[PDB]
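This document starts with one chain, in the form deposited without the named molecule, laid out as structure tokens.
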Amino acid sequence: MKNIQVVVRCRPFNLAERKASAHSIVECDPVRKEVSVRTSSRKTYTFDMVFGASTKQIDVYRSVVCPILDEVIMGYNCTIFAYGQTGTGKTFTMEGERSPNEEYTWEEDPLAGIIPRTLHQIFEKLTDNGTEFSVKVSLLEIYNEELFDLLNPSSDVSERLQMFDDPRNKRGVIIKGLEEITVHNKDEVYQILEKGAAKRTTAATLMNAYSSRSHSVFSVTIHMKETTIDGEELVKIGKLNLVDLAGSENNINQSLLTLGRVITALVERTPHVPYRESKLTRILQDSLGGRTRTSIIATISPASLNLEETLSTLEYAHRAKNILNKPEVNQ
């Protein structure tokens, strides 16, 4: 029925990265939707949208997320995930950072990313849309095939969760004891994201290379009740997953390895797709050849130092455009 959207976002050169040449190794064409990489010998790859080095946070949100957020409110499950080498901007893009000195409020911090922006807009868009709705969110991170709850307000972070097949959902799982915090309004948001960021920091003291190796699944489930002209009970449920994947360069890497075998299985149209053999592919089975509306943001470097992963990343992301999903709304 419908193709997975792939986008590419390149970041500006960082402090480590030397640029020798007068003209770029990575050129992004937003109009032609082409990323062109100098291996005058090139490989040019077309994507669904492309975002060069100076693309700001608000544009990414505007171009990619605003459209998807509308599908969430109709009650499609969506899933945006970020993919690419450590240091290209998967966390910058999906979470963002906090500007120093309290120069800006969270709502207006231009370093803010998809997660906080989205949560903010869910409340603006639904408050003046007439709907009866609630928002409850959760923050699960996978590391070494273990499940960490960063929003559980009480528990020690190293208390890890179990997963089991949802007896109500053919291609889904329930994460037992996962803290699903109800957000009653936008002013409850920051406090929740802070607690998430803090617990995360604690988990990093416990495990090696945690930032780069962890997958981070930040869900948000919109319950929307609506009365019909016929006097019925229209209860629709949007779910948006916002997934920050472990760095592409990596049992520690079982989930990332399996994500590859799944995508491979799907594109080459081989009958057995091994969702079941990793926690990530179990949690997101429905985002990959299922009934969810997936977008991948593939984050690349502009620089010669990281060309090899920049290109690995582009080939991996580009074959992912051939996956067909059959979106369905939850009532």
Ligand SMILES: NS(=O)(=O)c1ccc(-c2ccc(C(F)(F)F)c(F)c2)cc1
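Rigid core: the largest C-alpha set superposing within 1.5 Å between the two forms. The first residue of the sequence shown is number 1, and the count goes up from there.
The same protein has a further form, the form solved in complex with the named molecule, not shown here; the description that follows concerns it.
Annotation: pocket blocked; 3 or more atoms of the named molecule, superposed via site C-alphas from its pose in the deposited complex, fall within 2.4 angstroms of backbone or C-beta atoms. Out of the listed residues 256, 157, 135, 80, 256 is the one that sits within 4.5 Å of the named molecule in the deposited complex by at least one heavy atom. Stretch 241-249 is the contacting one of 162-170, 127-135, 241-249, 223-231, since its residues have non-hydrogen atoms within 4.5 Å of the named molecule in the deposited complex.
In the deposited complex, none of the heavy atoms of residue 323 sits within 4.5 Å of a heavy atom of the named molecule. Contact check for residue 317: a heavy atom falls within 4.5 Å of the named molecule in the deposited complex. Mapping the unseen interface onto this chain, residue 284 falls outside it, with no heavy atom inside 4.5 Å of the named molecule in the deposited complex.
Contact annotation: residue 35 falls outside 4.5 Å of the named molecule in the deposited complex, judged by heavy atom distances. With contact defined as any non-hydrogen atom lying within 4.5 angstroms of the named molecule in the deposited complex, the contacting residues in 286-310 are 296, 298, given in sequence order.
Comparing C-alpha positions between this form and the one not shown after a rigid core fit, one residue in 111, 178, 183, 73 moves 2 angstroms or more. It is 111. With the core held fixed between this form and the one not shown, residue 15 has its Cα displaced by under 2 Å. In the deposited complex, the CA atoms of residue 12 and residue 111 move apart by 3 angstroms or more relative to this form. Expansion of the residue 32-residue 22 CA spacing by 3 Å or more is recorded in the deposited complex, set against this form.
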